[PDB]
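Here's the letter readout for the chains.
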Amino acid sequence: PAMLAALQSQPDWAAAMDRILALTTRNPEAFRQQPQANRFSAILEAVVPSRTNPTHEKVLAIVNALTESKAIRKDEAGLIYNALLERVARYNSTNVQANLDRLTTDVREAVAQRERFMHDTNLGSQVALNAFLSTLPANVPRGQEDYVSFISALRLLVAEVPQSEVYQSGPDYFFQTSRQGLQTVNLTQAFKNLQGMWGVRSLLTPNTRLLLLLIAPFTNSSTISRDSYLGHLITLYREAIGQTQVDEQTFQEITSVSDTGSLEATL
Amino acid sequence: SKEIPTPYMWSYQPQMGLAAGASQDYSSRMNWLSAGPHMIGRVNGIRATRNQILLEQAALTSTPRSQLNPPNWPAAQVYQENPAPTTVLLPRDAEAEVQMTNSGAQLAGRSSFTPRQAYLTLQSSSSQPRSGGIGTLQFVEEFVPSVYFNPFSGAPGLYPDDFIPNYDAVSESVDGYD
Amino acid sequence: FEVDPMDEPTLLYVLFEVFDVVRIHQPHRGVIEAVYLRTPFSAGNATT
Amino acid sequence: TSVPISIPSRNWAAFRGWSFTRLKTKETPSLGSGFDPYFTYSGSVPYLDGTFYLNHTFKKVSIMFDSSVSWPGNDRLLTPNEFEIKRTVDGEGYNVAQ
Amino acid sequence: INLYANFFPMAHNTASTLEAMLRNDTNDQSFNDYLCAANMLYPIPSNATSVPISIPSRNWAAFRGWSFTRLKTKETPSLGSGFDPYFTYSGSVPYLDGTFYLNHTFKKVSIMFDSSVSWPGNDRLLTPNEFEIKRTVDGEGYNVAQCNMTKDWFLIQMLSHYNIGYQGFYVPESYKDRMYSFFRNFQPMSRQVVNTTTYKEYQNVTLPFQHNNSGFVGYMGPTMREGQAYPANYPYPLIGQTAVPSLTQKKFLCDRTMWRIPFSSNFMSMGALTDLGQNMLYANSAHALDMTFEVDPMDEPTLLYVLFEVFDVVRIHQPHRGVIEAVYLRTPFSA
Amino acid sequence: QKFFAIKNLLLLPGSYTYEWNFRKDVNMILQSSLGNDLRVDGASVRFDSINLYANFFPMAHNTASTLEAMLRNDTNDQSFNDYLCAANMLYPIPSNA
Amino acid sequence: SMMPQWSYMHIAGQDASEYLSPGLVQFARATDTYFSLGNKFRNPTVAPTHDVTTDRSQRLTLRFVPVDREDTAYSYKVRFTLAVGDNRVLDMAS
Amino acid sequence: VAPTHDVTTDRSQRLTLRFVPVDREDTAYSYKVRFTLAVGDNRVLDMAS
Amino acid sequence: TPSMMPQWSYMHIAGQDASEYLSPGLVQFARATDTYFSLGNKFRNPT
Amino acid sequence: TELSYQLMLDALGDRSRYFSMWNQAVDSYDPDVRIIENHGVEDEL
Amino acid sequence: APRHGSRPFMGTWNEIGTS
Amino acid sequence: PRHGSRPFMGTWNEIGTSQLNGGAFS
């Protein structure tokens, strides 16, 4: 967000007194040959460099930052830029003209948090979930305490699938997405229909089934035993996921050999 | 809101290979208001089986992607045409002809002058493989009927926003001039 | 379509052929309870 | 002439086929509720009596999916775009017995 | 009536390698008609204006703009059954020759989509809904050129043909003013006649009464010298010490070409397929188009001609050594 | 507009006062094929109104904004030049000189 | 077929030099001088839609009435207020 | 210099081959002809000519 | 910002072409958008 | 800055045309008027 | 595959001739 | 009629500054 300001403005002096002096490597005999007008319009630069006025540049180094995180929309950085320039062209001083400098050489460096924001989704995945888990009932359900293993598999899923896995709080009911596409929106305040079977050995509306199928991959010997339903189903969903991988590769193979066809004797 | 939802069918544009629009199953649906809770409990469940079939045949036929209707399919997930090396049997000995025509008087109204003959196996497929747009026999393979297990329940952002026909995924905006 | 002119107004008549089927089941001895369907064109209604 | 029709994108899950015929509006009641005053023909009604008598006025039929693909498509006709019923203005040979 | 075809002595070894590479199928051929058209004929009564037209809902996946003009009915065949008894005029059929000479008659054209939105519209124009062409008298100030076209025509016309216009109205450069195009035509013109209601004596002396060239010349008719010799009654002298007043007029003959209205969002043309043809809401759904021309009356009932320019490509594929399989397409108006 | 610093000047967003002076001198504006001084006889010129038009390129704002921001800098600025620039001065010549 | 229509009829697909078989392109770049084949293969030209136009409102012709003006015996001087909209770049040549 | 060889037929080909109608049909206002336009093996024809 | 480049190169009478004294961005928005709203006749080249 | 124009309308562009609007319209002297090439009144009859 | 066909029959300037 | 004629590995008008005839300038 700065070199995009460098690569939007500011067309050096070492590179100029490295060429006039003929200290380059590839073609030293470069500056000598130019017309004796250029060679007298580049020698009086690396002999008495001309000052500059950097405000615009680093101000453009701030706009290109805002509009890349999300404030000032892409189409408004022609009013924001003028407004910022005129503000910093009023109150300017070594005061502000520096306070910028720090802002521009910190905003491009203090981007690690932003990177973190999208590397553990600690923006709407764990802060939301670790909020929703605090809206759950007490952590002592009656039947079993396979509860905690499931509720931890949920956190692991949300933390190890950065894709989007956003956890909205679309009003009273917090709902889990499986991707920004969102074609597996399962309601996470509607598994207070699993605070039923948390411990037993057709009452699951697929919404609950959707959550089970969504996390299952991330369950191993955790939700465990023959803890009824919740146990097996998870195991059966994992088995079905493996079989689905098998059938996926099989169908690609059988359609690369060559119409419903494979879809029948696969499904 | 709902849960056994009624899959959102995908429309086609025989033009640019990418798909077009999307909408709940406009027509194919039963009318159970003339039914009591003995088959309204089975229509509910036949539709669920339909949803599960759609899910399986989506995860088994589609090629996992990140955007429902990509604006330009990459050049490696679009079915390419790999024809066979064409082999033309070059039907003469050039040296032999030119030689005899210069010599003697042959004006030459296999070959008799020389028993030489060679194929010229060429390449047949293309130079740069196709990039943008899939054919019909790929539409019915990629965009399986999409099941939306919950309605537009979220912020504007997260919302299958490849469904609205008037979407320009390039600029994430609804087109205009209509 | 394209059709010969006719002096009085006409009205085309398309007959989109469909699968209009019915099923009937009488479980409780005095209840007629049926589910309708028309595949390509239908007036069916979404789930509850 | 040339009455066009269009059906917005639908799924033809079990579509079985088309069928069409011409009627006279005078001779067809506006279906929906009895006693529509603007219907004043007491004779046989082709609409609901199978008494069709305008099937020889249809000249061309064109079926297009997505407004860019003809259904029969590939070549399965002597004119790829359209089915032809009356070829009477001129003929290069595509007529049936007299 | 014999053919005649000049082949090419192409040595055979390298024919059978330009005829077995032009017979695979990724390398096939592909001509596109230069004048990509969907031309339609819209009759106009003896003396009438405002010929409205409607199109049923359909797609516009690759529409590239309109191209309209006017043609007298006497010079247009039925296009079918060959011999057309009513076709009795032989002089430079505009429908076919390419010669058009009624482009100073149009007054204003409106385009409506779905029966609700104007199409140039969005305000991208002056007078929003009504690509106006000429605009006679009423000039609060818009007539553009010492002429009578309207400054924001001559910005759709120029900027559609020679992509000029929005960055400095040049004089179209040549290799883009080829006969059948704009600048090599708008031949503005203008005159001056005795503003009746001002000079006090616009006595309207009818042609058979003017006595000028007394009679050195002919009588009412290309006949001999009957004369007498008086001054005259020519035209009110409008160029001299006493000249009676005046009122002007201005016409704009744009013969030998057709008005063009490109479908691109900005009327300038970037590619063969407009910047707006592939716009989703013009290729993703069906729409109806209602558009109304307006032409000043002319006797001898005329006919109106319009082009719905549209891609018209054709591929040719031939694998079987003695067969050709041709494929046709028209994106708008595939029927 | 014939002035080389305004001929093709690309004006950025803002409010700009723009003004000019138009001649009424008959001889300076009209022409002749006889070479008489129109001011001596009649043929005056009056102005009923003067307006101004400018055609804006409907460029996408997502690009217009970046272009405007990038044209405010010191380096990326216009610089114009007429076709024939000089210091035309006339030197009087006495008759028969 | 198994190709999108435009990419098949070649309305928005690659250009001639790309979709041809390498043998054919080499031959044609060869046989240009006497047996050219450049008019038998379409090169699809597509105008870039995005980033060059705007849905939002815009004007193409603007009328600026004079704000102030003096009328002299020989000069009619007029003062305008040339206002250019946000994200609107005007070229005075127009 | 021109190509040495491999672009020229060396045996008896025919520039400007001629074809005449194998079928004819005349109506009061039309003329109908069809030729057996045989390109011939080992060749390539452009219909521009 | 009264600047001090050596006049003859900050009026680019004899400076650099309009491909080095322009920021790369504006170079690429004026070479990829040439056949609509051209910018070339705006700046100069020294020659 | 009047001349310039009447020069840069040249060069970058052609001259013998006309574009009404910007009243373009070269001023010219029909060659065979300034240089009377007086070859003669072709007449023998 | 004991050869390459290539294609250079294009007039000839020197060792050249294409595009 | 024959032309051949030589001098064609391109042209120079080298950079660091650009071409000749002027572009625009009596």
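Please refer to the structure higher up on the page.
Caption draft 1: View of the arrangement of the chains. Of all 31 pairs of chains sharing an interface, the pair with the highest contact count is chains F and G. Nowhere do chain C and chain E come into contact; their C-alpha atoms are at least 10 Å apart. Structurally, chain I and chain J remain out of contact, their C-alpha atoms never closer than 11 Å.

Caption draft 2: Broad picture of the interface of chain G and chain F. Of the residues lining the interface, 37 residues belong to chain G; the matching set on chain F comes to 38 residues. When the two sides are added together, the surface that chain G and chain F hide from each other amounts to roughly 3800 Å², 57% of it contributed by carbon and sulfur. For the chain G face of the interface with chain F, the top three residues by lost area are G:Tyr76, G:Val89 and G:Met92, together amounting to 19%. Joining chain G to chain F, the criterion identifies 2 salt bridges. The shortest N-O distance in the salt bridge between F:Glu19 and G:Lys77 comes to 2.2 Å. One can count 20 residue pairs in polar contact joining chain G with chain F. Elements that contribute at least two residues to the side of chain G that touches chain F include exactly β2 (75-84) and β3 (90-91) of chain G. Sorting elements by how many residues they give to the side of chain G that touches chain F places β2(G) first, with 10 residues. Of the residues in the side of chain G that touches chain F, the class split is 17 nonpolar, 10 polar and 10 charged.

Caption draft 3: Quick peek at the nonpolar core. Counting 78 residues, the largest nonpolar core has E:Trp66, E:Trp119, E:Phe154 and E:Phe308 as its most contacted members. No other element matches the 4 residues that helix α2 (residues 61-71) of chain F contributes to this core. For E:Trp119, the residues in contact, after removing those within four places along its chain, are E:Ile111, E:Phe113, E:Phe131, E:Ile261, E:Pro262, E:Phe263, E:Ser264, E:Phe267, E:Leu276 and E:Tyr282.

Caption draft 4: Broad picture of unusual backbone geometry. Phi is positive for E:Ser115, close to 65°, though the residue is something other than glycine. For E:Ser115, the location among the structural elements is in the loop between β4 (110-113) and β5 (117-118). The phi angle at L:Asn13 is positive, at roughly 45°, despite the residue not being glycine. Judged by its relative accessible area of 29%, L:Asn13 is partly exposed.

Caption draft 5: Inspection of the pattern of salt bridges at higher detail. As enumerated under the stated definition, the model contains 32 salt bridges over all chains in all. Each of A:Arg73, A:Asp75 and G:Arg56 takes part in a single network of salt bridges with overlapping partners.

Caption draft 6: Geometry of the packing of aromatic side chains. All told, the structure shown has 74 aromatic pairs over all chains when counted by the stated rule. Both rings, one in E:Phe63 and one in E:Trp66, keep their centres 4.5 Å apart while their planes meet at 85°; by these two values the pair is edge-to-face. Of the residues examined, E:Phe63 reaches a relative accessible area of 0% and is grouped as buried. Ring plane angle 80° and centroid distance 6.0 Å describe the contact between E:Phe182 and E:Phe186, whose orientation is recorded as edge-to-face. An aromatic cluster of three or more residues is present, and its members are B:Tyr8, B:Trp10, B:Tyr12, B:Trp73, B:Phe139, B:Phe143, B:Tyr148, B:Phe152, B:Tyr159 and B:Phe163. Cation over ring: E:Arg58 sits above E:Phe333, and NZ or CZ is 5.0 Å from the ring centre. Above the face of the E:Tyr142 ring, E:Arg135 is positioned so that its terminal group lies 5.0 Å from the ring centre.

Definitions and cut-offs
Residues numbered from 1 in each chain as written, not as in the entry; some residues may be left out. Chains lettered and ligands numbered in written order. Part of a larger assembly, values for the part shown. Heavy atoms only, no water. Contact = heavy atoms within 4.5 Å. Buried area = accessible area lost by both parts, 1.4 Å probe. Salt bridge = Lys/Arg side-chain N within 4 Å of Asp/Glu carboxyl O. Polar contact = N/O pair within 3.5 Å; in protein donor to acceptor, adjacent residues only side chain to side chain. Helix = DSSP H or I, 4+ residues; strand = E, 2+ residues; numbered from the N terminus. Nonpolar A, V, L, I, M, F, W, Y, C, P; charged D, E, K, R; others polar. Core = buried A, V, L, I, M, F, W, Y, C linked by side-chain atoms within 4.5 Å. Buried < 20%, exposed > 50% of the residue type's maximum accessible area, 1.4 Å probe, protein only. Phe/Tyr/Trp six-rings, centres within 6.5 Å; stacked < 30°, edge-to-face > 60°. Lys NZ or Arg CZ within 6 Å of the ring centre and 35° of its normal.

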